Amino acid sequence: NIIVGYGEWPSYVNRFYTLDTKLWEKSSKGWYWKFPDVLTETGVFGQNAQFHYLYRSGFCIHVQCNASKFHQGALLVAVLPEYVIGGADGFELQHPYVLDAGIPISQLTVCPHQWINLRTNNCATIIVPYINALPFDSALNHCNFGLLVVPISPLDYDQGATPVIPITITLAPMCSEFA
Amino acid sequence: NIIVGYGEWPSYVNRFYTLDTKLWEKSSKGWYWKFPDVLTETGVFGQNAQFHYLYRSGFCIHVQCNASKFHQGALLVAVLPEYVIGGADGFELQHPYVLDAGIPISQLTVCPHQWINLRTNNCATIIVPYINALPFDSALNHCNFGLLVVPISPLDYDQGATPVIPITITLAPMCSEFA
Amino acid sequence: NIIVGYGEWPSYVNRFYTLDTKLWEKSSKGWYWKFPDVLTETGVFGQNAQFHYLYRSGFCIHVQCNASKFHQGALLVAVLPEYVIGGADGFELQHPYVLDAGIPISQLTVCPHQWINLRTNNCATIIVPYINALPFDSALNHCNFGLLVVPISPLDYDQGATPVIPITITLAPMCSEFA
Amino acid sequence: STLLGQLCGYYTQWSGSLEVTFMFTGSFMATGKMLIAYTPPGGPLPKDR
Amino acid sequence: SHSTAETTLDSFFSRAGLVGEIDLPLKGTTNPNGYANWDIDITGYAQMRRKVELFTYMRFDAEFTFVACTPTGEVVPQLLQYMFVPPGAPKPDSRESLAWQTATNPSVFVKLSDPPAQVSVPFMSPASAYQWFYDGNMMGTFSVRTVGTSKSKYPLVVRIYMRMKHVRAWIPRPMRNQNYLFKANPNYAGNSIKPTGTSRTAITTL
Amino acid sequence: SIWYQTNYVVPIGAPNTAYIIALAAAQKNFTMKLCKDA
């Protein structure tokens, strides 16, 4: 299903951007992306973000993964504003237990989140509004939030099945403004 | 679904005749049947066709095949009036590329046709009216059309699964007339 | 005053583009520009024209020159569609008598034209619609028309006055379309 | 190999819109994704996905 | 069943706690000149950081109380100044600095044999709220000295208490798991990561 | 052009290769002119 972050819709280049595919392995630890840095060298949005002095936008995020009925595992997808760590290809987690910031992963469900259980569903959709202490900001000096995709239950399969599961991220800006 | 040839229903012994089963192999090339020659020594229709001087009929054709969810392939079923080649068991194709007549197979979809994709469906139904330049004809000297079942995508499976897939043809005369 | 070419207004990036200034001398022969080639590496219009397959636009042209009351001379400004010769800085005329194409200059008033007499006025405005045998064309392979600024009466002054008179061209696209 | 090409080989000029259909004939338990792209006249082949 | 007014945000952050301690010795090298500059921060109270970092944005006012005495705990005849330097103004660098006599820096002259002084400071951020996390919070400064030209005849200690009022917060976060290493830094010791709680021998035994 | 977005995922017991068939046609605004012999 679709979850709307904090119960608020975005308000006052608007197309689908499909990123490169991640490969989920038996020993994967997790990945994260930062916004708007994920879209700053791709297309008209990236051209607009590097030539304007002020920026403001919301987002719509889809996470997908296709696997067979003989695979198993579970992922947690969450959005954390101002994710300070202690491009379009993302980064991997070194210590997923502390989320690389000294905070537990078990309480990450306090944020707008979704579950991907391979036996039940294979999609997750989150709608994020604009969050800041300022009406406008800079798209090249400040990252508003981060997206996390972490496996809570490890991927398992029998020998002879495909050993890597693809994860696809496609996102669309909503109510973007430039000045 | 059901397709009606040329958008016309048959107009002015009427039971189901189930033929012998064909075995689809990894190296199969295709089969064809000729009408009314396919039904001229089977039952009351065959007795009627060899003792009357004039004949006129339409047909309804069902093609079926049962396979598992671990098999793959695709067949094209088509009807070609006056299929000149350059019984109830059919004939095999020698050069399926030219349809044994010097004409390409890729344009065979210009005729009343259906697709059988093993991953999607396992049935095809075609209703054929009477086509001729004469109101009546001879059932023992003229074949009105031919039926073709050709694999466009080869049959594939893993070792240990069943290596032959059955194809069943059952047909019923419609609005048959004799004189 | 303002003249509208052939009595037609343009119909179905839209800002003022001021070009570099030409210097009118005692021995000047004349200059010409070609459209849309004059605007193909300047700004958003130039970016749009090199990345779209079809193009269609009209234009509005202003020609200016400031001189004192002790200078004299006269210029003819004219627009000639499909000006075949036998960037943003223009070209000079080698044989202005034949207009570099084998045709007399004395009949150039058959085209949309204006006169700049230094003793009377110092401005000329021409509005040009889209002229072609096709609804759309290519902005990088075809020049629709050319602009000519030719001195019919030579520039004269007394020694001690400024020996060069500036000519300024500023133009704005009208009803431009891209596809 | 198409009948449209053979038929337009009997004329000199033509113009209009086309449509292409892709049908997958794998097994029922196979999954994946593909990207099908169209590039307008005058453009080059994309270098990557 | 208890009341829901005990868990409001104005009850969680509701009391005056010690956030500062200024020492003005008669001899030594701690504050050789009889003055000191203290930058207003709320993490002087050791338990405040984990409590406030439960949220990303906060907005509040503050109330400050100054208690002064001798290291023994005695009360003596002395006068002090307590100047407030707003964010963006120069701070004193000597006892003869001209910053002590700038009228735009508010001051509170008071005696030691007096009830503790008390002032209110408003919300001073240029934005709509403070933030404890910035992926890419100056409140002021309190300067403490002894009034006079010559040095004081007593050793003094000044303690500062802060209470937050009119509290608002947005966007909760997971609570801190590991030991802190720096100020304004979520850094942690990567060679010694500890579980959130306690462990047991087997999953089937209580 | 057709690109691979993900990899080809398949369980154990199913074939590792598949085929795609392409079909082409024309829309209702297609026209031709000036017949010629081929």
# chains A, B, ... in the order shown; residues from 1 in each chain; ligands from 1
>>> residues_around(residues="segment 72-81 of chain E", least_positions_apart="6", cutoff="6 Å", atoms="only C-alpha atoms", output="mmCIF file with N, CA and C atoms, in the first residue's frame")
data_model
loop_
_atom_site.group_PDB
_atom_site.id
_atom_site.type_symbol
_atom_site.label_atom_id
_atom_site.label_comp_id
_atom_site.auth_asym_id
_atom_site.auth_seq_id
_atom_site.Cartn_x
_atom_site.Cartn_y
_atom_site.Cartn_z
ATOM 1 N N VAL E 108 23.216 43.066 34.700
ATOM 2 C CA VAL E 108 22.456 42.924 35.944
ATOM 3 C C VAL E 108 23.422 43.093 37.111
ATOM 4 N N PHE E 109 23.465 44.286 37.696
ATOM 5 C CA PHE E 109 24.278 44.515 38.884
ATOM 6 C C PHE E 109 23.552 44.002 40.123
ATOM 7 N N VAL E 110 24.260 43.237 40.957
ATOM 8 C CA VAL E 110 23.651 42.560 42.097
ATOM 9 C C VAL E 110 24.706 42.317 43.170
ATOM 10 N N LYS E 111 24.245 42.082 44.393
ATOM 11 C CA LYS E 111 25.087 41.785 45.542
ATOM 12 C C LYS E 111 25.058 40.294 45.859
ATOM 13 N N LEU E 112 26.118 39.823 46.521
ATOM 14 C CA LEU E 112 26.139 38.430 46.959
ATOM 15 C C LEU E 112 25.144 38.186 48.085
ATOM 16 N N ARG E 145 31.875 38.910 36.102
ATOM 17 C CA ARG E 145 33.033 39.582 36.670
ATOM 18 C C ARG E 145 32.654 40.164 38.024
ATOM 19 N N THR E 146 33.642 40.738 38.700
ATOM 20 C CA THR E 146 33.437 41.451 39.952
ATOM 21 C C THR E 146 33.576 42.943 39.690
ATOM 22 N N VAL E 147 32.595 43.719 40.144
ATOM 23 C CA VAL E 147 32.595 45.156 39.898
ATOM 24 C C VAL E 147 33.752 45.801 40.644
#
>>> interface_residues(of="chain D", to="chain A", cutoff="8 Å", atoms="only C-alpha atoms", output="PyMOL selection string")
chain D and resi 29-32
>>> calpha_fit_and_write(fixed="chain C", moving="chain B", output="PDB file with C-alpha atoms, in the first residue's frame")
ATOM      1  CA  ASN B   1       7.673  53.759 -37.797  1.00  0.00           C
ATOM      2  CA  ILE B   2       6.926  50.020 -37.738  1.00  0.00           C
ATOM      3  CA  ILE B   3       6.420  48.047 -40.949  1.00  0.00           C
ATOM      4  CA  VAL B   4       4.826  44.591 -41.003  1.00  0.00           C
ATOM      5  CA  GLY B   5       6.232  42.337 -43.703  1.00  0.00           C
ATOM      6  CA  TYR B   6       3.720  41.451 -46.433  1.00  0.00           C
ATOM      7  CA  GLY B   7       0.904  42.669 -44.179  1.00  0.00           C
ATOM      8  CA  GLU B   8       0.952  39.530 -42.023  1.00  0.00           C
ATOM      9  CA  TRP B   9       1.586  39.116 -38.321  1.00  0.00           C
ATOM     10  CA  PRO B  10       3.423  36.103 -36.886  1.00  0.00           C
ATOM     11  CA  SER B  11       1.059  33.339 -35.799  1.00  0.00           C
ATOM     12  CA  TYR B  12       1.017  29.717 -34.659  1.00  0.00           C
ATOM     13  CA  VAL B  13      13.205  32.344 -25.164  1.00  0.00           C
ATOM     14  CA  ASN B  14      10.854  35.187 -26.120  1.00  0.00           C
ATOM     15  CA  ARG B  15      12.997  38.108 -24.972  1.00  0.00           C
ATOM     16  CA  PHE B  16      15.339  40.737 -26.413  1.00  0.00           C
ATOM     17  CA  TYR B  17      18.736  39.711 -27.783  1.00  0.00           C
ATOM     18  CA  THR B  18      21.115  42.617 -28.397  1.00  0.00           C
ATOM     19  CA  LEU B  19      23.971  41.812 -30.755  1.00  0.00           C
ATOM     20  CA  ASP B  20      27.477  43.217 -30.944  1.00  0.00           C
ATOM     21  CA  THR B  21      27.793  46.729 -32.363  1.00  0.00           C
ATOM     22  CA  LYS B  22      28.976  47.445 -35.910  1.00  0.00           C
ATOM     23  CA  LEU B  23      31.111  50.492 -36.710  1.00  0.00           C
ATOM     24  CA  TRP B  24      30.024  52.539 -39.731  1.00  0.00           C
ATOM     25  CA  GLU B  25      33.019  54.074 -41.509  1.00  0.00           C
ATOM     26  CA  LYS B  26      33.599  56.340 -44.488  1.00  0.00           C
ATOM     27  CA  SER B  27      34.570  53.310 -46.614  1.00  0.00           C
ATOM     28  CA  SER B  28      32.002  50.790 -45.367  1.00  0.00           C
ATOM     29  CA  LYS B  29      30.237  48.683 -47.990  1.00  0.00           C
ATOM     30  CA  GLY B  30      27.486  46.942 -46.016  1.00  0.00           C
ATOM     31  CA  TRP B  31      26.729  43.949 -43.801  1.00  0.00           C
ATOM     32  CA  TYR B  32      24.300  41.051 -43.707  1.00  0.00           C
ATOM     33  CA  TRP B  33      23.037  38.447 -41.239  1.00  0.00           C
ATOM     34  CA  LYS B  34      21.262  35.120 -41.748  1.00  0.00           C
ATOM     35  CA  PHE B  35      18.352  33.723 -39.730  1.00  0.00           C
ATOM     36  CA  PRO B  36      18.048  31.614 -37.603  1.00  0.00           C
ATOM     37  CA  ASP B  37      21.825  31.149 -37.808  1.00  0.00           C
ATOM     38  CA  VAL B  38      22.344  34.490 -36.035  1.00  0.00           C
ATOM     39  CA  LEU B  39      20.731  32.946 -32.911  1.00  0.00           C
ATOM     40  CA  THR B  40      21.973  29.364 -32.629  1.00  0.00           C
ATOM     41  CA  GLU B  41      24.696  29.593 -29.964  1.00  0.00           C
ATOM     42  CA  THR B  42      23.196  32.336 -27.753  1.00  0.00           C
ATOM     43  CA  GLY B  43      21.080  31.348 -24.784  1.00  0.00           C
ATOM     44  CA  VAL B  44      17.934  29.287 -24.461  1.00  0.00           C
ATOM     45  CA  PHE B  45      16.869  29.882 -28.074  1.00  0.00           C
ATOM     46  CA  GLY B  46      20.198  28.491 -29.254  1.00  0.00           C
ATOM     47  CA  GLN B  47      19.945  25.500 -26.936  1.00  0.00           C
ATOM     48  CA  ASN B  48      16.394  24.791 -28.145  1.00  0.00           C
ATOM     49  CA  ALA B  49      17.351  25.097 -31.828  1.00  0.00           C
ATOM     50  CA  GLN B  50      20.188  22.534 -31.685  1.00  0.00           C
ATOM     51  CA  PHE B  51      18.212  19.829 -29.860  1.00  0.00           C
ATOM     52  CA  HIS B  52      14.840  19.787 -31.660  1.00  0.00           C
ATOM     53  CA  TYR B  53      14.098  18.210 -35.021  1.00  0.00           C
ATOM     54  CA  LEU B  54      11.552  20.788 -36.266  1.00  0.00           C
ATOM     55  CA  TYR B  55      11.358  24.563 -35.837  1.00  0.00           C
ATOM     56  CA  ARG B  56       9.044  27.453 -36.744  1.00  0.00           C
ATOM     57  CA  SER B  57       9.165  31.111 -35.699  1.00  0.00           C
ATOM     58  CA  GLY B  58       8.721  34.758 -36.586  1.00  0.00           C
ATOM     59  CA  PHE B  59      10.859  37.719 -35.608  1.00  0.00           C
ATOM     60  CA  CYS B  60      10.867  41.397 -34.642  1.00  0.00           C
ATOM     61  CA  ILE B  61      13.955  43.418 -35.587  1.00  0.00           C
ATOM     62  CA  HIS B  62      15.135  46.830 -34.360  1.00  0.00           C
ATOM     63  CA  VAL B  63      18.056  48.694 -35.946  1.00  0.00           C
ATOM     64  CA  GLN B  64      19.504  51.742 -34.192  1.00  0.00           C
ATOM     65  CA  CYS B  65      22.363  54.191 -34.633  1.00  0.00           C
ATOM     66  CA  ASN B  66      23.304  57.277 -32.619  1.00  0.00           C
ATOM     67  CA  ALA B  67      25.171  60.159 -34.260  1.00  0.00           C
ATOM     68  CA  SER B  68      25.376  63.916 -33.829  1.00  0.00           C
ATOM     69  CA  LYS B  69      23.697  66.671 -35.842  1.00  0.00           C
ATOM     70  CA  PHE B  70      26.929  67.317 -37.778  1.00  0.00           C
ATOM     71  CA  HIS B  71      27.044  63.841 -39.384  1.00  0.00           C
ATOM     72  CA  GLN B  72      25.318  62.766 -42.586  1.00  0.00           C
ATOM     73  CA  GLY B  73      24.471  59.630 -44.529  1.00  0.00           C
ATOM     74  CA  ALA B  74      21.679  57.185 -45.249  1.00  0.00           C
ATOM     75  CA  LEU B  75      21.207  53.427 -44.833  1.00  0.00           C
ATOM     76  CA  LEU B  76      18.749  50.963 -46.363  1.00  0.00           C
ATOM     77  CA  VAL B  77      17.543  48.066 -44.189  1.00  0.00           C
ATOM     78  CA  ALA B  78      15.782  45.210 -45.978  1.00  0.00           C
ATOM     79  CA  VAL B  79      14.764  41.564 -45.552  1.00  0.00           C
ATOM     80  CA  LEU B  80      15.163  39.064 -48.412  1.00  0.00           C
ATOM     81  CA  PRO B  81      13.784  35.505 -48.089  1.00  0.00           C
ATOM     82  CA  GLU B  82      16.097  32.747 -49.356  1.00  0.00           C
ATOM     83  CA  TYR B  83      19.122  35.002 -49.827  1.00  0.00           C
ATOM     84  CA  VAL B  84      21.542  32.702 -51.649  1.00  0.00           C
ATOM     85  CA  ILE B  85      25.030  34.178 -51.982  1.00  0.00           C
ATOM     86  CA  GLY B  86      26.904  33.807 -55.257  1.00  0.00           C
ATOM     87  CA  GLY B  87      27.285  33.727 -37.029  1.00  0.00           C
ATOM     88  CA  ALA B  88      26.246  36.427 -34.579  1.00  0.00           C
ATOM     89  CA  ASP B  89      28.846  38.851 -35.977  1.00  0.00           C
ATOM     90  CA  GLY B  90      27.625  38.916 -39.579  1.00  0.00           C
ATOM     91  CA  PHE B  91      29.419  39.221 -42.896  1.00  0.00           C
ATOM     92  CA  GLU B  92      30.460  42.124 -45.099  1.00  0.00           C
ATOM     93  CA  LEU B  93      29.497  42.744 -48.717  1.00  0.00           C
ATOM     94  CA  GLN B  94      32.177  42.447 -51.397  1.00  0.00           C
ATOM     95  CA  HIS B  95      30.213  43.935 -54.323  1.00  0.00           C
ATOM     96  CA  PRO B  96      27.234  45.811 -52.841  1.00  0.00           C
ATOM     97  CA  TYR B  97      26.075  46.951 -56.295  1.00  0.00           C
ATOM     98  CA  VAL B  98      24.996  43.423 -57.261  1.00  0.00           C
ATOM     99  CA  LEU B  99      24.181  42.470 -53.633  1.00  0.00           C
ATOM    100  CA  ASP B 100      26.766  39.661 -53.951  1.00  0.00           C
ATOM    101  CA  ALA B 101      24.189  37.645 -55.914  1.00  0.00           C
ATOM    102  CA  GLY B 102      23.906  39.172 -59.398  1.00  0.00           C
ATOM    103  CA  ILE B 103      20.802  41.271 -58.661  1.00  0.00           C
ATOM    104  CA  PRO B 104      20.660  45.092 -58.522  1.00  0.00           C
ATOM    105  CA  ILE B 105      20.513  46.937 -55.228  1.00  0.00           C
ATOM    106  CA  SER B 106      18.265  49.645 -56.703  1.00  0.00           C
ATOM    107  CA  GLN B 107      15.330  47.196 -56.752  1.00  0.00           C
ATOM    108  CA  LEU B 108      15.836  46.007 -53.151  1.00  0.00           C
ATOM    109  CA  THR B 109      12.903  48.211 -52.089  1.00  0.00           C
ATOM    110  CA  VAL B 110      10.596  45.484 -53.467  1.00  0.00           C
ATOM    111  CA  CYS B 111      11.186  43.742 -50.090  1.00  0.00           C
ATOM    112  CA  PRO B 112      10.121  44.810 -46.577  1.00  0.00           C
ATOM    113  CA  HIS B 113      12.463  47.740 -46.058  1.00  0.00           C
ATOM    114  CA  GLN B 114      13.107  50.924 -44.092  1.00  0.00           C
ATOM    115  CA  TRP B 115      15.247  54.030 -44.578  1.00  0.00           C
ATOM    116  CA  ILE B 116      17.575  55.503 -41.949  1.00  0.00           C
ATOM    117  CA  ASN B 117      18.430  59.102 -42.842  1.00  0.00           C
ATOM    118  CA  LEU B 118      20.781  60.553 -40.234  1.00  0.00           C
ATOM    119  CA  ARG B 119      19.166  63.994 -40.533  1.00  0.00           C
ATOM    120  CA  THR B 120      15.616  62.667 -39.993  1.00  0.00           C
ATOM    121  CA  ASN B 121      15.478  59.472 -37.888  1.00  0.00           C
ATOM    122  CA  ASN B 122      17.758  56.913 -36.260  1.00  0.00           C
ATOM    123  CA  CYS B 123      15.625  53.766 -35.974  1.00  0.00           C
ATOM    124  CA  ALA B 124      13.931  51.122 -38.115  1.00  0.00           C
ATOM    125  CA  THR B 125      11.580  48.309 -37.077  1.00  0.00           C
ATOM    126  CA  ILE B 126      10.490  45.358 -39.234  1.00  0.00           C
ATOM    127  CA  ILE B 127       8.206  42.471 -38.225  1.00  0.00           C
ATOM    128  CA  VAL B 128       8.769  39.266 -40.208  1.00  0.00           C
ATOM    129  CA  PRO B 129       6.404  36.258 -40.214  1.00  0.00           C
ATOM    130  CA  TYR B 130       7.377  32.657 -40.978  1.00  0.00           C
ATOM    131  CA  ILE B 131       7.880  32.080 -44.711  1.00  0.00           C
ATOM    132  CA  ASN B 132       8.430  28.613 -46.173  1.00  0.00           C
ATOM    133  CA  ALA B 133       6.903  26.028 -48.487  1.00  0.00           C
ATOM    134  CA  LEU B 134       6.606  23.691 -45.482  1.00  0.00           C
ATOM    135  CA  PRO B 135       4.854  24.110 -42.107  1.00  0.00           C
ATOM    136  CA  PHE B 136       8.059  23.234 -40.223  1.00  0.00           C
ATOM    137  CA  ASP B 137      11.740  22.994 -41.088  1.00  0.00           C
ATOM    138  CA  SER B 138      15.216  22.444 -39.636  1.00  0.00           C
ATOM    139  CA  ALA B 139      16.943  25.262 -37.758  1.00  0.00           C
ATOM    140  CA  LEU B 140      20.426  23.876 -38.471  1.00  0.00           C
ATOM    141  CA  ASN B 141      20.183  23.094 -42.208  1.00  0.00           C
ATOM    142  CA  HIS B 142      18.113  25.927 -43.718  1.00  0.00           C
ATOM    143  CA  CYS B 143      18.298  29.721 -43.452  1.00  0.00           C
ATOM    144  CA  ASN B 144      14.892  31.293 -43.996  1.00  0.00           C
ATOM    145  CA  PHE B 145      15.929  34.871 -44.816  1.00  0.00           C
ATOM    146  CA  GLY B 146      18.689  37.437 -44.559  1.00  0.00           C
ATOM    147  CA  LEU B 147      18.924  40.954 -43.165  1.00  0.00           C
ATOM    148  CA  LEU B 148      20.798  43.666 -45.068  1.00  0.00           C
ATOM    149  CA  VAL B 149      22.076  47.043 -43.845  1.00  0.00           C
ATOM    150  CA  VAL B 150      23.733  48.893 -46.741  1.00  0.00           C
ATOM    151  CA  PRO B 151      24.796  52.581 -46.912  1.00  0.00           C
ATOM    152  CA  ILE B 152      23.356  54.191 -50.039  1.00  0.00           C
ATOM    153  CA  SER B 153      24.743  57.633 -49.127  1.00  0.00           C
ATOM    154  CA  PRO B 154      28.270  57.722 -47.665  1.00  0.00           C
ATOM    155  CA  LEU B 155      29.037  58.845 -44.128  1.00  0.00           C
ATOM    156  CA  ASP B 156      30.587  62.310 -43.946  1.00  0.00           C
ATOM    157  CA  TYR B 157      31.851  64.542 -41.147  1.00  0.00           C
ATOM    158  CA  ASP B 158      34.378  67.282 -40.456  1.00  0.00           C
ATOM    159  CA  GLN B 159      37.783  66.512 -38.971  1.00  0.00           C
ATOM    160  CA  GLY B 160      37.633  66.508 -35.179  1.00  0.00           C
ATOM    161  CA  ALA B 161      34.253  64.783 -34.958  1.00  0.00           C
ATOM    162  CA  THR B 162      33.878  61.097 -34.183  1.00  0.00           C
ATOM    163  CA  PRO B 163      34.932  59.078 -37.267  1.00  0.00           C
ATOM    164  CA  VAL B 164      32.879  55.919 -36.528  1.00  0.00           C
ATOM    165  CA  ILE B 165      29.111  55.641 -36.034  1.00  0.00           C
ATOM    166  CA  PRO B 166      27.696  52.664 -34.092  1.00  0.00           C
ATOM    167  CA  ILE B 167      24.901  50.459 -35.431  1.00  0.00           C
ATOM    168  CA  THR B 168      23.013  48.270 -32.947  1.00  0.00           C
ATOM    169  CA  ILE B 169      20.707  45.339 -33.747  1.00  0.00           C
ATOM    170  CA  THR B 170      18.281  43.956 -31.151  1.00  0.00           C
ATOM    171  CA  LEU B 171      15.772  41.243 -32.024  1.00  0.00           C
ATOM    172  CA  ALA B 172      13.063  39.159 -30.346  1.00  0.00           C
ATOM    173  CA  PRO B 173      11.508  35.853 -31.470  1.00  0.00           C
ATOM    174  CA  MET B 174       7.740  35.858 -31.933  1.00  0.00           C
ATOM    175  CA  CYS B 175       5.453  32.807 -31.777  1.00  0.00           C
ATOM    176  CA  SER B 176       8.349  30.351 -31.850  1.00  0.00           C
ATOM    177  CA  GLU B 177       7.517  26.637 -31.951  1.00  0.00           C
ATOM    178  CA  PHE B 178       9.696  23.562 -31.473  1.00  0.00           C
ATOM    179  CA  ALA B 179       9.143  19.847 -32.028  1.00  0.00           C
TER     180      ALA B 179
END
>>> atom_distance(atom1="atom CA of residue 135 of chain E", atom2="atom CA of residue 183 of chain E")
15.4 Å
>>> atom_distance(atom1="atom CA of residue 94 of chain E", atom2="atom CA of residue 33 of chain E")
7.5 Å
>>> closest_atom_pairs(of="chain E", to="chain A", cutoff="8 Å", atoms="only C-alpha atoms", output="tab-separated table")
residue	atom	partner	partner_atom	distance
E:56	CA	A:82	CA	7.8
E:57	CA	A:133	CA	7.9
E:127	CA	A:133	CA	6.0
E:128	CA	A:133	CA	5.4
E:129	CA	A:133	CA	6.0
E:133	CA	A:82	CA	6.0
E:134	CA	A:82	CA	5.9
E:135	CA	A:82	CA	5.3
E:136	CA	A:142	CA	4.7
E:172	CA	A:110	CA	7.1
E:173	CA	A:110	CA	6.8
E:174	CA	A:107	CA	5.5
E:175	CA	A:103	CA	6.1
E:176	CA	A:103	CA	5.0
E:177	CA	A:103	CA	5.0
E:178	CA	A:102	CA	5.5
E:185	CA	A:86	CA	7.2
E:186	CA	A:86	CA	5.0
E:187	CA	A:86	CA	4.4
E:188	CA	A:102	CA	6.2
E:196	CA	A:104	CA	7.5
>>> select_by_dssp(residues="segment 18-140 of chain C", states="alpha helix (DSSP H)", output="VMD selection string")
chain C and resid 43 to 49
>>> residues_around(residues="segment 17-28 of chain F", least_positions_apart="3", cutoff="8 Å", atoms="only C-alpha atoms", output="PyMOL selection string")
(chain B and resi 153) or (chain D and resi 2+4+16-27)
>>> select_by_dssp(residues="segment 45-145 of chain C", states="strand (DSSP E or B)", output="ChimeraX atom specification")
/C:55-65,72-81,91-92,113-117,123-128,137,145
>>> closest_atom_pairs(of="chain F", to="chain B", cutoff="8 Å", atoms="only C-alpha atoms", output="tab-separated table")
residue	atom	partner	partner_atom	distance
F:13	CA	B:158	CA	5.9
F:14	CA	B:70	CA	5.4
F:15	CA	B:157	CA	5.8
F:19	CA	B:153	CA	7.0
>>> residues_around(residues="segment 36-38 of chain F", least_positions_apart="2", cutoff="7 Å", atoms="only C-alpha atoms", output="list in words")
residues 9, 10, 11 and 12 of chain D; 34 of chain F
>>> atom_distance(atom1="atom CA of residue 69 of chain E", atom2="atom CA of residue 152 of chain E")
13.1 Å
